[PDB]
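Read the structure below first, then the notes.
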Amino acid sequence: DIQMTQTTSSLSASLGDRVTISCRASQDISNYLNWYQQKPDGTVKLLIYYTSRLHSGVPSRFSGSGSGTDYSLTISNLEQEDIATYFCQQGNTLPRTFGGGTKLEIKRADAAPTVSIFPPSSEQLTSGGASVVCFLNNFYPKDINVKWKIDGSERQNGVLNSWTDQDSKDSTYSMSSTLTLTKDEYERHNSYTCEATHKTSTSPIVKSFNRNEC
Amino acid sequence: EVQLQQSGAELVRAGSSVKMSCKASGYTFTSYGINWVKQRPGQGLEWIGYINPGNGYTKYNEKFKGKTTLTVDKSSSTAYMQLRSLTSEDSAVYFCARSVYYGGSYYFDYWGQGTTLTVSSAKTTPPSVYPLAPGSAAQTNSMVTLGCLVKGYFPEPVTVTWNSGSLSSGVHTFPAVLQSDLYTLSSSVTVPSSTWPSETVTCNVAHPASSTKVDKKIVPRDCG
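Chains A and B, in that order, are what the protein sequence lines are.
Once you know that position 17 of the first sequence is 17 in the authors' numbering, the rest is easy, because the numbers rise by one and skip nothing.
Once you know that position 195 of the second sequence is 195 in the authors' numbering, the rest is easy, because the numbers rise by one and skip nothing.
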């Protein structure tokens, strides 16, 4: 069936800018394209149908165009309430298909993450578990790679990551990484390392501790 | 005013079934089709199928036809979607939406708030709240970050604060993740080194489903 692609899944823009979100169809969909806006709270609203027709109640700054396979949504004079995710959708053939979506975000100056690592708590260890936690707080842009090492070699099993949405006040992002092990495995090794790689520096930010120095 | 109120959140064990609702108001129920859309964190939106409440005609996406069944209740203006043989792949948010005709096309002009489905054998379980102090070997700075690990609870949500709200700035509570059928989240708070450990720092995590209210204190670690 028809594949809908939005080549940009995250898009940076400032308030008052002219934002353009693109959408490509795998074949001619004859202007049978609709645009939807999903807010962080999950709610969804229709903006435009049949390429260019404005749904009732939608501000005029939302504009749609395109033909054949390529279509686009243009938002002039971006406002705070416009920060959301935008999905295109073809109604030419069955089954109906959506694009992956494009979540807008607020531009700001680059900021390096502040990194903190934490050994397992006494409470948890007495339960037979061991989780090592690493926060990477208040960084921008949101792309970041975290890497765990045990005794100097990389570890990826047991690692579960969580990312916050863009902060509403300072526009930064924050991330938590947790490496979970058994008490016994944790006690067979010494050095636990959290390495953060971010465009603010070519060299990773390294935080680590040693069990034998505890 | 057109409105589509969907049913509440669902917790169902895999291999079982579920039937969620979508009550329509503010318009003629029989004059518009009802479409169903599936959303999982990292894909976007999928069209399951649609039903015509007037004649009960249904068209399914072949991906969902085997396990999905769409029906309506014309006496209550309510559409139903049944999902059978549930797996973890069916954990998503499910929306209903009304479709309107234009130029031969159809488009979804009004959506419901969405129904969350979590496929899991877990039962209500309070979290284990673990305090996260800096490593004893660590030498902190003028600002010291403290944490709190909220591990092994079910279901969402959890409410985390620091000193019962009196520490508002420099707090990051992260979205939950799924381990083995259970949830885990964390939270950080950053305070001046003159504040901790000279004063108390406490994370307060609340889990309404289990009627739990845990206050955990962040104390310096024992050396050795």
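Backbone N, C-alpha and C fix where the C-beta goes; we use that ideal spot for every residue, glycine too.
For this session: May I ask which residues mark the beginning and end of the beta strand (DSSP E) holding A/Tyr186?
Result: For the purposes of this step, residue 186 of chain A is taken as the residue at position 186 of the first sequence. No beta strand (DSSP E) holds A/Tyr186; the alpha helix (DSSP H) holding it covers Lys183 to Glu187.
Exercise. Along the chain, where does the alpha helix (DSSP H) that runs through A/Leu125 open and close?
Worked result: Reading the first sequence from its first residue, position 125 is the one you call residue 125 of chain A. For A/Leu125, the uninterrupted alpha helix (DSSP H) segment begins and ends at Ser122 to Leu125.
Problem set entry | Given B/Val158 as reference, the closest of B/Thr140, B/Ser168 and B/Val177 once Cα atoms are compared | Counting from one through the second sequence, the residue named residue 158 of chain B turns up at place 158. Of B/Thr140, B/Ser168 and B/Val177, the residue nearest in Cα terms is B/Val177.
Exercise. Taking Cβ-Cβ distances shorter than 9 Å, what residues in chain A pair up with B/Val150?
Worked result: Within the second sequence, the letter at position 150 stands for residue 150 of chain B. From the beta-carbon of B/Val150, no residue of chain A is found nearer than 9 Å; the closest lies around 11 Å away.
For this session: Name, going along the chain, the residues of the segment 161-185 of chain A whose beta-carbon falls closer than 8 Å to a beta-carbon of chain E.
Result: Of the chains in the structure shown, none is chain E; the protein chains are A and B.
For this session: Please state whether DSSP places B/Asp90 in a helix, a strand or coil.
Result: Residue 90 of chain B sits at position 90 when you count from the first residue of the second sequence. When DSSP states are grouped into helix, strand and coil, B/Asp90 belongs to the helix group.
Problem set entry | Cβ-based neighbour list, B/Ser188, same chain, cut-off 6 Å, excluding 5 preceding and 5 following | In the second sequence, residue 188 of chain B corresponds to position 188, counting from 1. Around B/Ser188: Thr145, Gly147 and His172.
Exercise. Quick one: what's A/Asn34 bridged to in DSSP?
Worked result: In the first sequence, residue 34 of chain A corresponds to position 34, counting from 1. Here A/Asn34 is bridged, per DSSP, to A/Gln89.
For this session: Taking only beta carbons into account, state which residues of the segment 174-194 of chain B come closer than 8 Å to chain A, listed in chain order.
Result: Against chain A - using a Cβ distance shorter than 8 Å - the residues of the segment 174-194 of chain B are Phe174, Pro175, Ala176, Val177, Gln179, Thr184, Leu185, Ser186, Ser188 and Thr190.
Exercise. Should the segment 102-122 of chain A be regarded as contacting the segment 1-20 of chain A, the criterion being three or more beta carbon pairs within less than 8 Å?
Worked result: Yes: the two stretches touch, three or more of their Cβ pairs being nearer than 8 Å.
Problem set entry | Proximity winner among A/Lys142, A/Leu125, A/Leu181 and A/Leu160, relative to A/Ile150 (alpha-carbon distances) | Locating residue 150 of chain A in the first sequence gives position 150, where the first residue counts as 1. Taking each of A/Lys142, A/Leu125, A/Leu181 and A/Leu160 in turn and checking the Cα distance to A/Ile150, the smallest one comes out for A/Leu181.
For this session: Have a look at B/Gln5 and A/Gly152 and give me their C-alpha separation to the nearest angstrom.
Result: As a first step, residue 5 of chain B is located in the second sequence; it is residue number 5 there, counting from the start. As a first step, residue 152 of chain A is located in the first sequence; it is residue number 152 there, counting from the start. Take the alpha-carbon of B/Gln5 and the one of A/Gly152: they are about 54 Å apart.
Exercise. Given a threshold of 16 other Cβ atoms within 10 Å of its Cβ, counted over all protein chains shown, does B/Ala133 qualify as buried or as exposed?
Worked result: For the purposes of this step, residue 133 of chain B is taken as residue 133 along the second sequence, with counting starting at 1. With 16 or more other Cβ atoms within 10 Å, it is buried.
Exercise. Which of the three DSSP states, helix, strand or coil, is assigned to A/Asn212?
Worked result: The residue you call residue 212 of chain A lines up with position 212 of the first sequence. When DSSP states are grouped into helix, strand and coil, A/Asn212 belongs to the helix group.
Exercise. Out of curiosity, what's the CA-to-CA distance linking B/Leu185 and B/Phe174?
Worked result: As a first step, residue 185 of chain B must be located in the second sequence, where it is residue number 185. As a first step, residue 174 of chain B must be located in the second sequence, where it is residue number 174. About 6 Å.
Exercise. By how many angstroms is the C-alpha of A/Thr74 removed from the C-alpha of B/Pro127?
Worked result: Indexing the second sequence from 1 puts residue 127 of chain B at position 127. Indexing the first sequence from 1 puts residue 74 of chain A at position 74. Between the alpha carbons of B/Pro127 and A/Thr74 lies a distance of about 45 Å.
Exercise. Starting from A/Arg155 and walking both ways along the beta strand (DSSP E), at which residues does that stretch end?
Worked result: Walking along the first sequence from the start, residue 155 of chain A turns up at place 155. Segment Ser153 to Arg155, the beta strand (DSSP E) holding A/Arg155.
Problem set entry | Residue-level contact to chain B via CB, A/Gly68, 8 Å cutoff | On the first sequence, position 68 is the one that residue 68 of chain A refers to. Interface criterion not met: the Cβ of A/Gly68 is under 8 Å from no Cβ in chain B.
Exercise. Is DSSP giving A/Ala84 helix, strand or coil here?
Worked result: Counting from one through the first sequence, the residue named residue 84 of chain A turns up at place 84. In this structure, A/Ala84 counts as coil in the three-state DSSP scheme.
Exercise. Around the Cβ of B/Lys217, are there at least 16 other Cβ atoms within 10 angstroms (buried) or fewer (exposed)?
Worked result: Taking the second sequence and counting its residues from 1, one reaches residue 217 of chain B at position 217. The residue in question, B/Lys217, is exposed, as its Cβ has fewer than 16 Cβ neighbours within 10 Å.
Problem set entry | Interface residues of chain A facing B/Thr145 [CB-CB closer than 8 Å] | Position 145 of the second sequence holds residue 145 of chain B. For B/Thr145, the chain A residues whose C-beta falls within less than 8 Å of its own C-beta are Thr114, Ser116, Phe135 and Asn137, listed in chain order.
Problem set entry | Endpoints, the beta strand (DSSP E) within which A/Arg24 is located | As a first step, residue 24 of chain A is located in the first sequence; it is residue number 24 there, counting from the start. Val19 to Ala25 is the span of the beta strand (DSSP E), which, as asked, contains A/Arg24.
For this session: May I ask you to report which of helix, strand or coil DSSP gives B/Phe95?
Result: Within the second sequence, residue 95 of chain B is the residue found at index 95, counting from 1. DSSP places B/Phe95 within a strand segment (E or B) once states are collapsed to three.
Problem set entry | Among B/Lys59, B/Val18 and B/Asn55, the one whose alpha carbon lies nearest that of B/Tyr80 | The sequence position of residue 80 of chain B within the second sequence is 80, counting from 1. Of the candidates B/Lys59, B/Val18 and B/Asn55, the one whose C-alpha sits nearest the C-alpha of B/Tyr80 is B/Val18.
Problem set entry | Cβ pair count under 8 Å reaching 3, the segment 79-87 of chain A against the segment 103-114 of chain B | Touching, no.
Exercise. Is the segment 6-26 of chain B touching the segment 85-100 of chain B, taking contact as three or more C-beta pairs under 8 Å?
Worked result: Because the criterion of three Cβ pairs below 8 Å is met, the segment 6-26 of chain B and the segment 85-100 of chain B touch.
Problem set entry | Any C-beta of chain A under 8 Å from that of B/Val214 | Taking the first residue of the second sequence as position 1, residue 214 of chain B is located at position 214. Output row for B/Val214: interface = no.
Exercise. What residue from A/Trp163, A/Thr178 and A/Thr164 has the CA that sits closest to B/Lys151's CA?
Worked result: By 1-based counting over the second sequence, the position of residue 151 of chain B is 151. Here the closest residue by C-alpha is A/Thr178.
Exercise. Which chain B residues sit within Cβ distance under 9 Å of A/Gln124?
Worked result: Counted from its first residue, the first sequence places residue 124 of chain A at position 124. Neighbours of A/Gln124 on chain B, chain order: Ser128, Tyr130, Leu149 and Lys151.
For this session: Verify whether the separation of the beta carbon atoms of B/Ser85 and B/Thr118 is less than 8 Å.
Result: Within the second sequence, the letter at position 85 stands for residue 85 of chain B. Within the second sequence, the letter at position 118 stands for residue 118 of chain B. No, these two residues do not count as a Cβ contact at 8 Å.
For this session: Find the residues of chain A that neighbour B/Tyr57, judging by a C-beta separation of less than 8 Å, and give them in chain order.
Result: To locate residue 57 of chain B, count along the second sequence from 1; it is residue 57. Neighbours of B/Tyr57 on chain A: none; closest Cβ ~13 Å, over 8 Å.
Exercise. If you measure from the beta carbon of B/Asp90 to each beta carbon in chain A, is any gap under 8 Å?
Worked result: Within the second sequence, the letter at position 90 stands for residue 90 of chain B. Taking Cβ atoms only, chain A never reaches closer than 8 Å to B/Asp90, which makes this a no.
For this session: Starting from B/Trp162, find everything on chain A with Cβ-Cβ shorter than 8 Å and list it in chain order.
Result: On the second sequence, residue 162 of chain B is found 162 positions in, with the first residue counted as 1. Against chain A, the beta carbon of B/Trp162 has no neighbour under 8 Å; the closest one sits roughly 14 Å away.
Problem set entry | Contact under 8 Å by Cβ, A/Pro95 with B/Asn61 | Translated into positions along the first sequence, residue 95 of chain A becomes position 95. Translated into positions along the second sequence, residue 61 of chain B becomes position 61. Yes, the Cβ-Cβ distance between A/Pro95 and B/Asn61 is below 8 Å.
Exercise. Looking only at its own chain, which residues have a Cβ that is under 7 Å from the Cβ of B/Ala122, when we skip the five neighbours before and after it?
Worked result: For the purposes of this step, residue 122 of chain B is taken as the residue at position 122 of the second sequence. Cβ neighbours of B/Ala122 beyond the five flanking positions: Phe154, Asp181 and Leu182.
For this session: List the whole-angstrom C-beta distance separating A/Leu47 from A/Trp35, where the pair is believed to meet the contact cut-off of C-beta under 8 Å.
Result: Numbered from its first residue, the first sequence carries residue 47 of chain A at position 47. Numbered from its first residue, the first sequence carries residue 35 of chain A at position 35. The Cβ separation is near 4 Å, so the contact holds.
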